[PDB]
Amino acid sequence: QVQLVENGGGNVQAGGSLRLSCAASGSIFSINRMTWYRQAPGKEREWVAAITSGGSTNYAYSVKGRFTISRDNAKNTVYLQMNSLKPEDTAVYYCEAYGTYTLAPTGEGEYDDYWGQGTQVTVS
């Protein structure tokens, strides 16, 4: 299995920026897609941004032009640069490591989806 740990959450004034990170640990050969989701309390979970291995990115219409998803495959870590933060961006931000291929030198591995606990983003 895989640990997906998020970081870079905070309280920040409207108009300000955060950078969330998301690091998969484990015997990771590859991740098909890493997607940032956000969940405000008592709201439906929302798709924010995605990046394939391949570096194709896609953003929700709400965040397009304001957020950038990027990655460092060396660290199986994706970044979500969040600029021009709005109060409407207040939520718990979490990662989906979708299509995660793990493998030991023995030849035994797994293909699974893994999920982060999340990080708090509040915008006053």
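All residue numbers are counted from 1 along the displayed sequence.
Mean CA B-factor, 28-36 versus 74-82: the higher value falls on 74-82. A summary of the deposited B-factors shows that, of 94-102 and 41-49, the stretch with the larger mean C-alpha value is 41-49.
In this PDB entry, the Cα temperature factor of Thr68 sits in the bottom third of its chain's modelled residues, the lowest group. Split the chain's modelled residues into thirds by C-alpha temperature factor. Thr57 is in the lowest one.
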